[PDB]
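Asker:
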Amino acid sequence: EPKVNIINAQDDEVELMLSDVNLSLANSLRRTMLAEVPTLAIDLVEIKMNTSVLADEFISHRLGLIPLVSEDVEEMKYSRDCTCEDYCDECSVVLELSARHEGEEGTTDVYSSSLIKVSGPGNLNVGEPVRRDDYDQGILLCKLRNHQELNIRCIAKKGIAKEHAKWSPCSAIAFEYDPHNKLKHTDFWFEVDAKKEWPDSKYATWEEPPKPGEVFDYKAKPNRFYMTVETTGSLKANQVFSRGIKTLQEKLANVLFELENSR
Amino acid sequence: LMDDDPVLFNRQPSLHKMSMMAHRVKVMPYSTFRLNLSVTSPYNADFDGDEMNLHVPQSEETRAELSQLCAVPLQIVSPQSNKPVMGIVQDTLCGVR
Amino acid sequence: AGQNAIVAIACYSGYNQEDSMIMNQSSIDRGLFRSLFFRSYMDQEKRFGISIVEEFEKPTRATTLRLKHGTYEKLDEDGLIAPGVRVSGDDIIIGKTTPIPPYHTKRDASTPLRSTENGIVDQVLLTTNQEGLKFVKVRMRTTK
Amino acid sequence: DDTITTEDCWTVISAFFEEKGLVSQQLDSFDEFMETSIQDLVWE
Amino acid sequence: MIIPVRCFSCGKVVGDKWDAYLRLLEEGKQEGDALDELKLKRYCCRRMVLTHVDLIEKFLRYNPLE
Amino acid sequence: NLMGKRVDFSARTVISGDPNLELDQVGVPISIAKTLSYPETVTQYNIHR
Amino acid sequence: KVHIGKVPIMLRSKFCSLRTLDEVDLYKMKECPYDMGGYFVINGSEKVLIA
Amino acid sequence: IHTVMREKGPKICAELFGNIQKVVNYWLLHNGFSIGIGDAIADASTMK
Amino acid sequence: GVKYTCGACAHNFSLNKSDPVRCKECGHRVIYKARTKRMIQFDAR
RNA sequence: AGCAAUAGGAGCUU
Ligand SMILES: [Mg+2]
Ligand SMILES: [Zn+2]
Ligand SMILES: [Zn+2]
Ligand SMILES: [Zn+2]
Numbered sequence: 001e002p003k004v005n006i007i008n009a010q011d012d013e014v015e016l017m018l019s020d021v022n023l024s025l026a027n028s029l030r031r032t033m034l035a036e037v038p039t040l041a042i043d044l045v046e047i048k049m050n051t052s053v054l055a056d057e058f059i060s061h062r063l064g065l066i067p068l069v070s071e072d073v074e075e076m077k078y079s080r081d082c083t084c085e086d087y088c089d090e091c092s093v094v095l096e097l098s099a100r101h102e103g104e105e106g107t108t109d110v111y112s113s114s115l116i117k118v119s120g121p122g123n124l125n126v127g128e129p130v131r132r133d134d135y136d137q138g139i140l141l142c143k144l145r146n147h148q149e150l151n152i153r154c155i156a157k158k159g160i161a162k163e164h165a166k167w168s169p170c171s172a173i174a175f176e177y178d179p180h181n182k183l184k185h186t187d188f189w190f191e192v193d194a195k196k197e198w199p200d201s202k203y204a205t206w207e208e209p210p211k212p213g214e215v216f217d218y219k220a221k222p223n224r225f226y227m228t229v230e231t232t233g234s235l236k237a238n239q240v241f242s243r244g245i246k247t248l249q250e251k252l253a254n255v256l257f258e259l260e261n262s263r
Numbered sequence: 001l002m003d004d005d006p007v008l009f010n011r012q013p014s015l016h017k018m019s020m021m022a023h024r025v026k027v028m029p030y031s032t033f034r035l036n037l038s039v040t041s042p043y044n045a046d047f048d049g050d051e052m053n054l055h056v057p058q059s060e061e062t063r064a065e066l067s068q069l070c071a072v073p074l075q076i077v078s079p080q081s082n083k084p085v086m087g088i089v090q091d092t093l094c095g096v097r
Numbered sequence: 001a002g003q004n005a006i007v008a009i010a011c012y013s014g015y016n017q018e019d020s021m022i023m024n025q026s027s028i029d030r031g032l033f034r035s036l037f038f039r040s041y042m043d044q045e046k047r048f049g050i051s052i053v054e055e056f057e058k059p060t061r062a063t064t065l066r067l068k069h070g071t072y073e074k075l076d077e078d079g080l081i082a083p084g085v086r087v088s089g090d091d092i093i094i095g096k097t098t099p100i101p102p103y104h105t106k107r108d109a110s111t112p113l114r115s116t117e118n119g120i121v122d123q124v125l126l127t128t129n130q131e132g133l134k135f136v137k138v139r140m141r142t143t144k
Numbered sequence: 001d002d003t004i005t006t007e008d009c010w011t012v013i014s015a016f017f018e019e020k021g022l023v024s025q026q027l028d029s030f031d032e033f034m035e036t037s038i039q040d041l042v043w044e
Numbered sequence: 001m002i003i004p005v006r007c008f009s010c011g012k013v014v015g016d017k018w019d020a021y022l023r024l025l026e027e028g029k030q031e032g033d034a035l036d037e038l039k040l041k042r043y044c045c046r047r048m049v050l051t052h053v054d055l056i057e058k059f060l061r062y063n064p065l066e
Numbered sequence: 001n002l003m004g005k006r007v008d009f010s011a012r013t014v015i016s017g018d019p020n021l022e023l024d025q026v027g028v029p030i031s032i033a034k035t036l037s038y039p040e041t042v043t044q045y046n047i048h049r
Numbered sequence: 001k002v003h004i005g006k007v008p009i010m011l012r013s014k015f016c017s018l019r020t021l022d023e024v025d026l027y028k029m030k031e032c033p034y035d036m037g038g039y040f041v042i043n044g045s046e047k048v049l050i051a
Numbered sequence: 001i002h003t004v005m006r007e008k009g010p011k012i013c014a015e016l017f018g019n020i021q022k023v024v025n026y027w028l029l030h031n032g033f034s035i036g037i038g039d040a041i042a043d044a045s046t047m048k
Numbered sequence: 001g002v003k004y005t006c007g008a009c010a011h012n013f014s015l016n017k018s019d020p021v022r023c024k025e026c027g028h029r030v031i032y033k034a035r036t037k038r039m040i041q042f043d044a045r
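Protein sequence lines, in the order shown, are assigned to chains A, B, C, D, E, F, G, H and I. Note that our numbering has the first sequence beginning at 1, numbered continuously upward. Note that our numbering has the second sequence beginning at 1, numbered continuously upward. Note that our numbering has the third sequence beginning at 1, numbered continuously upward. Note that our numbering has the fourth sequence beginning at 1, numbered continuously upward. Note that our numbering has the fifth sequence beginning at 1, numbered continuously upward. Note that our numbering has the sixth sequence beginning at 1, numbered continuously upward. Note that our numbering has the seventh sequence beginning at 1, numbered continuously upward. Note that our numbering has the eighth sequence beginning at 1, numbered continuously upward. Note that our numbering has the ninth sequence beginning at 1, numbered continuously upward.
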């Protein structure tokens, strides 16, 4: 009975209309994709020599905020459920950054593309910082002058956006329904006329406007939901959507398991 | 300090007997003190920088004195103008309207 | 000296009443209104006479008395902590001894860290004062 | 010639601040002190 | 100080766009058009890039003390 | 020192509002709850606790 | 020339040693170009005279 | 409030504050209430 | 002994608690200690 | 198992 109608679909974003589902389901999906879809992000930084003008925890925050390829992160284990001591190869990804400016003119920029994956649970395709293209330079990390050096050993781990925003696979999940206010779920503020003063929804032309002769319907519930998922490149849009659905499924299965095994 | 301990709670200046009242404790994270919003009127307090003092009674006589004379429920009506001093305020009033 | 936040004016959940205000935890996690803090402690050696002066040095328990209740295990052999070392409250960052006037003949005059603050040592400076006696400034760093 | 607008006024004000800055009273007072006041106090 | 990696409000990655924004500004394009081409459509993301002040250039001018 | 004086077993911090507290409840930070204390005589009804 | 005393100097004034030294040497002397002066340095502490 | 205080006692009157606060706060959370620049603007005839 | 650095001429050296506080290359007056050798961890949060 | 005093100045909430 639930139906999906994709309107736009590229790697970073997917725009889709969801229909014949309850509003709670659609909002639960939005929340799950925003908060509970696991990704990979740098969770531990080790400074060897940092003589740049930027501070150590400034650089650590920026490195933690760098998106990394997380396609295979679901075959990986949380670092709190592994028997290992100080990080092993199967529940963490170790990165290296070495940068240095030689000469007495110019500034050397340190970019996220300079991060180098050293270890990690191969041959899983996790860990690499995300590049937009083949010629992408990545994210700006620091700047270096004469004899200033940066030597960092980052650890990347699996986490979700509840613990910290750096694990969020999504930027903004646009979400709306009922462009014409047929259900009267909102009550428009106005000065003279509420129809002239309010802009149309971008999906207004997707639904028939109410006829002047029409009377209010008290049986109609919300039934069509227009939402636009965007990603940060760590996961693809279809991957974000499918893993949000799967995470919700496994949360419900956990509830069912506890209920049945509480008898 | 544990849940439901009576403690004397106070904001300066203490212009009248209802500026210093005994409250039951609930332990929480996040280093601020938490107040129900209807008691901010007798204290004349708001949440834009204010600090308030907490005094812990060190014996049973003082626990009983606090809980049976200074407790918040006992100060709702004031003798100053024989009317209540705690009301519904500041968003619950607009929402109930 | 500020940041352009996105602000809604709403009676959302009741936690913003009477000049309270709800802030996005995710925006905090991404660096909104995040700030560095620098505290600098100072200390020097005085001259109480001809050959009676203070000294920067890690005070050993045997020859010293009235030692502070903090830990001394972070000072190098010169009585100074090094930049790059994590420091907690009550920890000593400048060890100093004042001689006892006429073994076990020394008292300590060490400068501990403030009992409230955590952080990381940033820049331990060492020079001499107006009168040529040793002079130390230690700048700590932390993030709020 | 044309009507002086508000932007012309802000150009004039920018000239003012380019010349004087924000602490010119302190600096000018102290320069006057060290040029004349000390010598006058010695010759009082 | 230096361009933030993410947008505070929503979390889009803006840290890889500061150099492109400056290059767009050199050939004369005004700020709104440059922000449009970098595909910053929400005004939160737009004010992230539009209000950044790059202070690292000023901090880097004091000689390294090592 | 006689009409008013400084006292032990007191605390001070910024106050916040909580719609979900009861009228006679005050929310106490964990750190203050651990710094302050109450002396409770041991009896045969509270010895396990 | 009898030495009669030392007078503290107002920073960025005509007798300060930073009055010259355009921006490059200001940077080499660890001085911020935005710092406008107008104060004194006594025992390493910046002091401002209130009118 | 005065009536409940006088008839039921201090405990029930204290719990009344909490009951009303919780109900009204939930309703306003799911209704919403705001204020904007437009709430201070009168139409042209009133300005005249 | 323990490594120091000049504040003016960026010279690296090491003093041994009995010579005065000075630089070799230039002879400048103010010196800063060097960064520690231990390894420091940050949470990237 | 032991962390000075006195002053001035600037601030916080009423
Ligand atoms: Mg106030
Ligand atoms: Zn492991
Ligand atoms: Zn944004
Ligand atoms: Zn030197």
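Think of the CB as a built atom: it goes at the ideal place given N, C-alpha and C, for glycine as much as any other residue.
Taking the alpha-carbon positions, what's the C:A5 to A:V69 distance?
Answerer: 30 Å
Asker: Using the C-alpha atoms, what's the distance from E:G28 back to A:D43?
Answerer: 41 Å
Asker: Under DSSP, the beta strand (DSSP E) around A:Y111 begins and ends at which residues?
Answerer: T108 to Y111
Asker: Going by the beta-carbon positions, is the gap between F:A11 and F:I30 smaller than 8 Å?
Answerer: no
Asker: For ligand 3, is there any heavy atom lying closer than 7 Å to the beta carbon of A:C84?
Answerer: no
Asker: Any residue with its Cβ nearer than 6 Å to a heavy atom of ligand 4 should be included. What is that list in chain order?
Answerer: Having a Cβ closer than 6 Å to some heavy atom of ligand 4 are I:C6, I:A8, I:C9, I:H11, I:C23, I:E25, I:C26 and I:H28.
Asker: Any beta carbon of chain H sitting closer than 8 Å to that of C:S13?
Answerer: yes
Asker: With 16 as the cutoff for other CB atoms within 10 Å, does F:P19 come out buried or exposed?
Answerer: buried
Asker: For the candidate residues A:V255, A:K143 and A:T247, whose alpha-carbon lies nearest to that of A:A35?
Answerer: A:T247
Asker: Closer than 6 Å from C-beta to any heavy atom of ligand 3: which residues, in chain order?
Answerer: E:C7, E:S9, E:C10, E:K12, E:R42, E:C44 and E:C45
Asker: Using DSSP bridges, identify the partner residues of C:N129.
Answerer: C:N129 pairs with nothing; no bridge assigned.
Asker: Which of the three DSSP states is assigned to A:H61 in this structure?
Answerer: helix
Asker: Is the number of C-beta pairs between the stretch 99-106 of chain A and the stretch 147-159 of chain A that are closer than 8 Å three or more?
Answerer: yes
Asker: Is the beta carbon of A:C91 within less than 7 Å of some heavy atom of ligand 2?
Answerer: yes
Asker: Tell me whether A:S79, by its Cβ, gets closer than 7 Å to a heavy atom of ligand 2.
Answerer: yes
Asker: Should F:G27 be counted as a contact of ligand 1 given a C-beta to heavy atom distance under 7 Å?
Answerer: no
Asker: By DSSP's criteria, B:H55 is part of a beta bridge. Which residues make up the other side?
Answerer: B:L8 and F:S10
Asker: Would you say B:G49 touches ligand 1, meaning its beta carbon is less than 7 Å from a heavy atom?
Answerer: Yes.
Asker: To the nearest angstrom, how far is the alpha carbon of B:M2 from that of H:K22?
Answerer: 25 Å
Asker: If you reduce the DSSP assignment to three classes, tell me which class E:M1 lands in.
Answerer: coil
Asker: E:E26 lies in the beta strand (DSSP E); which residues open and close that run?
Answerer: Looking at the DSSP string, E:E26 is not in any beta strand (DSSP E); the run it does join, the alpha helix (DSSP H), is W18 to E26.
Asker: Name, please, each residue of chain A whose Cβ falls closer than 7 Å to the Cβ of E:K29.
Answerer: Residues of chain A passing the Cβ test: none, with the nearest at roughly 20 Å.
Asker: Do you know whose CA, among C:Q44, C:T116, C:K144 and C:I28, lies nearest C:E131's CA?
Answerer: For C:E131, the nearest C-alpha among the options comes from C:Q44.
Asker: At what residues does the alpha helix (DSSP H) containing H:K11 begin and finish?
Answerer: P10 to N31
Asker: For ligand 1, is there any heavy atom lying closer than 7 Å to the beta carbon of A:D217?
Answerer: no
Asker: How big is the Cα-Cα spacing for F:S16 and B:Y30?
Answerer: 10 Å
Asker: What would DSSP say about A:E46, mapped onto helix, strand or coil?
Answerer: In this structure, DSSP gives A:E46 an extended state, which the three-state scheme calls strand.
Asker: Would C:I120 pass as a contact of C:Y41 if the rule is Cβ separation under 8 Å?
Answerer: no
Asker: Is the separation between the beta-carbon of A:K117 and that of A:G127 shorter than 8 Å?
Answerer: yes
Asker: So E:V13 packs on A:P67, CB below 8 Å; how close in whole Å?
Answerer: 6 Å
Asker: I want to verify the contact list: residues of chain C whose CB lies under 8 Å from the CB of H:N25, in sequence order.
Answerer: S13 and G14
Asker: Leaving out five residues before and five after A:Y87 in sequence, what residues of the same chain have Cβ atoms less than 6 Å from its Cβ?
Answerer: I155
Asker: Just the chain I side, please: which residues come within less than 9 Å of C:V85 by C-beta, in chain order?
Answerer: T36, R38 and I40
Asker: Looking only at its own chain, which residues have a Cβ that is under 8 Å from the Cβ of I:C26, when we skip the five neighbours before and after it?
Answerer: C6, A8, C9 and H11
Asker: Determine the burial state of A:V53: buried for a count of at least 16 other Cβ atoms within 10 Å of its Cβ, exposed for fewer.
Answerer: buried
Asker: Is there a Cβ from chain E that is less than 8 Å from the Cβ of A:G127?
Answerer: Using a Cβ-Cβ cut-off of 8 Å, A:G127 does not count as an interface residue toward chain E, since no Cβ of chain E sits closer than that to its own.
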